[PDB]
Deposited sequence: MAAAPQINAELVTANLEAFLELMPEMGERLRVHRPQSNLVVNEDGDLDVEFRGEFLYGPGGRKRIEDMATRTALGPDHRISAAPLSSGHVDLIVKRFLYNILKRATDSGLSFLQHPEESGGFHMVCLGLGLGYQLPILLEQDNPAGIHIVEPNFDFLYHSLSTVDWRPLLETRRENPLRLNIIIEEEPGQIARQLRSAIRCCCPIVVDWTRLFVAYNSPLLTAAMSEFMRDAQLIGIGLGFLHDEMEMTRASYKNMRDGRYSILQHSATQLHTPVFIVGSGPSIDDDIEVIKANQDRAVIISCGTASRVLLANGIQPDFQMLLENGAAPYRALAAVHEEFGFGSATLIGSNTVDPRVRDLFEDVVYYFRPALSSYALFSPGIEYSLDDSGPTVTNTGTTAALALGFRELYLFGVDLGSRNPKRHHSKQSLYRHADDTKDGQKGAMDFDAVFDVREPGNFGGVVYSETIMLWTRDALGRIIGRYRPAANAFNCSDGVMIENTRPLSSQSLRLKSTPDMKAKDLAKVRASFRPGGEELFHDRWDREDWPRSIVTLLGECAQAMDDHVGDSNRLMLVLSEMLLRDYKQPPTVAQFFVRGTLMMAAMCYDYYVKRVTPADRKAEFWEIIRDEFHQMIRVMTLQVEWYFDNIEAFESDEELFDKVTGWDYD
């Protein structure tokens, strides 16, 4: 049926979405494409019809009727760093001063992304496309037969043609599991253009509990997809920390070990259940490696327990000041510090010896990492993750967790926030835990899982149950190790630390003119705004291509420096331009956006040049932060 259209569509898939095309070419559907009484094409299977009589008209009327209502749209309000704050404040102030105001919801159809939960035979598509003209089109269709039969009914070539320059603009997701649908949708938005989800059209093609739930999930998920890009000033701090950490002096670099060490390791967090296990840790410290995670050092040292390693994840003066207070009160003895390359440079002074690992997904990683083998996965979100992943990377396999509680044992309102969720406890029952602690818990289980079955992890903490660990009362702990074995295994660890000289610093730093790259990138974004002011989707496509595109090659230092700030600015103006009234004065607001976007890029340009000129001279993170903050 419609053989010319079928052939023409099959050709387009084979050309522009080949794997899907190949699958369509050999597919033998179980369902039947039939002409119903209304003369519309329909899908029959065991006497059941997808559309049934008047089904086409119903679905088409829904697409027509839902062009403007907020119920069938993502509505993400815009609240961010100081630069975007200034930008946003200015565009709004200039607009309101000029007599413009902002509707709660847009009065226009539009939005960058369109999400179809279900395709069916695609009767809705022509209408939705004409209304919104989306740049990103994401179709979820659990039943491959429907896509196959849609070759008879949809004009697929103009859709597939959008993949020519950028294949991420059209995604067809053939999945039946809610979990997979959710992951793929998130990934489709995230990879195409995560930041402008505002006013995304949502449409369910046919009735399905699966499709309905996926839409609800996506609506909750949509706001979070474009989060997490680092802001200019934080990237300045990360790179300054790393610069200072590697410039001078003795330090070493962490390296993954191919072989296993048999000395057990005790990973110690700051959970209060530690007081039950202090004596056991003390009685065994001679034959186990003690990894102290952040503030855990206080309780170990006050009880005469010497950490072998002290872990630090966080950047910033506050984590440093906490560590310094512990050093001042007890001293750190012979402990080696294992920290992220972005920890406060003054942390070095507190320790005889310092080893760095390279924390990924930051400007400091791209600029200073000598390679993937010197970084850690799942080193976050907290320092307990850092110690666990560091231990596994170094070769330790028998692990004991202490003070890794990540919650407290179970001991008509006005202020009604929920502070805690009930979770199964390591020693059974229930413990109350917060969201940050569950992420920490999940990262621990996940890293430990990647080293099983060689990894054997015991949790002696009276807190939450952690996957891939076995509960163990510290009274039942019996080790097979000796002090000699421990000394042997520390010698192996120590021998694996690659020393860091100035050679490494210069190799990394001198290979590119950093401020020049950044200023060049900024110039290209300014120019993009001038060339595409007024054309939301094209402008966003152009900025995304310049700033994101993480898959093809890793992000450059320049991209890490500016993408978070510029994309958040884009998110802000994109939200307000769709809502500006009077509608016939929209171009005036576009001019405001263009001009302020330039002023923002100018301020960023000057900050970058000033920052690189003085990167060495800043006495601390707080000096740097105070000065960019006070930028007049």
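Residues of the deposited sequence lacking C-alpha coordinates, numbered from 1, fall in the stretches 1-6, 86-89, 422-443, 665-666.
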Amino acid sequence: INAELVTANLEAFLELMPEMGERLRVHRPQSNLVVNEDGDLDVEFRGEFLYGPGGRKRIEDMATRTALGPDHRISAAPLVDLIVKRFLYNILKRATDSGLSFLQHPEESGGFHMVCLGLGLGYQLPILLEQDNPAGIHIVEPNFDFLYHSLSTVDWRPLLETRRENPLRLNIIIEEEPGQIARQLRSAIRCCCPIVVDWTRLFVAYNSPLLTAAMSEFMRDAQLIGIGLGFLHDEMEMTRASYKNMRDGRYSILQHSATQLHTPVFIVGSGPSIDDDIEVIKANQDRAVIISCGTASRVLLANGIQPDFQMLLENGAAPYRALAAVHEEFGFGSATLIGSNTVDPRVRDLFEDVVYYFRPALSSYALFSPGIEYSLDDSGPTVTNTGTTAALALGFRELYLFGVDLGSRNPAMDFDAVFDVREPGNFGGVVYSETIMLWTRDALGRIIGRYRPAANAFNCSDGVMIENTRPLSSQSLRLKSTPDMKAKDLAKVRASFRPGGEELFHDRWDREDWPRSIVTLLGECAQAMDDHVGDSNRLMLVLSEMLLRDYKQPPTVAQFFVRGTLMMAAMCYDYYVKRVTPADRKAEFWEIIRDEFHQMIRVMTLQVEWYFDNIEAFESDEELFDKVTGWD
From here on, numbers count along this sequence of modelled residues.
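Relative to its counterpart among 368-376 and 388-396, 368-376 has the higher mean temperature factor, C-alpha atoms as listed in the PDB entry. Higher mean CA B-factor, judged across 222-230 and 465-473 from the recorded values: 222-230.
Per the deposited record, 193 carries the highest C-alpha B-factor of all listed residues (193, 211, 296, 383). In this structure the maximum Cα B-factor among 486, 422, 508, 138 is found at 508. Compared with the other modelled residues of the chain, the Cα B-factor recorded for residue 72 ranks in the highest third.
In the deposited entry, the Cα temperature factor of residue 608 places it in the middle third of its chain's modelled residues. The PDB entry assigns residue 415 a C-alpha temperature factor belonging to the highest third of its chain's modelled residues.
Sort the chain's modelled residues by C-alpha temperature factor and residue 46 lands in the highest third, per the entry. Per-chain ranking of the deposited C-alpha B factor places residue 504 in the highest third.
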